[PDB]
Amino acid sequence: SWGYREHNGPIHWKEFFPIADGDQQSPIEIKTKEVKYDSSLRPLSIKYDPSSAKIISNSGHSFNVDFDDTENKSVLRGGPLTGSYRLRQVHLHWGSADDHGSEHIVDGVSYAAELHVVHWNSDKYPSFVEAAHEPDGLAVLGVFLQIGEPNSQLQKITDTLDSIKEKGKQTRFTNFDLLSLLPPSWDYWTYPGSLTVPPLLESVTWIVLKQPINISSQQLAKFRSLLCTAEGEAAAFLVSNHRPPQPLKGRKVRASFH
């Protein structure tokens, strides 16, 4: 099964998911001089209920905070989106080195990590699973993490990491004030892309925030102690879980600001 190790990593994903070589793949290089400001984009409008988070788990590929998506308690609206997109899950990507961990790269700068907030178009589709298969099904908000002061908003997450060391482990996790983790500016870049993990479906409106949040090196290192292996499988660590950048293939990256 897919992963980020030598034989199962990003270069080999095309073997089992041919869409890996598609024309709308993520993540990408954002070359700001080629970004087009678009005055018709709208501001992001976010409502995240801290009661929505229910469980944090080790998927074997990152941690995954799952949110109850029974109705519209937590939503993303506005930005490049038509209609309201419902919060599903949050996870994080990193690398083995603090200066090369993010999936999106900005003028060649890789950040230390990148947080993904995954939402689905409930205004048009009846479930996450159905939305994940449509070009306007999903919206992911991307937040960069840069090395700096320790971030107290990440303490809730890092305190659970020991309890979810092995793949498949999970721990109840609620009252997570995700709003308060975001940067204070919500200026963004946007482009049509894909899931950055298998099955790599081309169903994602990416909304990448310009402003990074901080994390300390010691906070970030905790994530690398997660395993990509389950209880009673020979241990291997998830030291890096970011996909390389993919060809832009004539897509337009637009900016909400100038």
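The numbering used is simple: start at 1 and walk along the sequence shown.
Mean CA temperature factor is higher for 161 to 169 when stretches 161 to 169 and 76 to 84 are set side by side in the entry. On average the C-alpha atoms of 228 to 236 have higher B-factors than those of the other stretch, with 212 to 220 and 228 to 236 being the two compared. The PDB entry assigns its highest CA temperature factor, among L145, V106, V117, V129, to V129.
Residue-level temperature factors show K156 in the middle third of its chain, judged at the C-alpha atom.
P184: CA B factor lies in the highest third for its chain, per the PDB record. Among all modelled residues in its chain, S57 ranks in the middle third by Cα B-factor. Ranked by C-alpha B-factor against the other modelled residues of its chain, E202 falls in the middle third. In this PDB entry, the Cα temperature factor of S194 sits in the bottom third of its chain's modelled residues, the lowest group.
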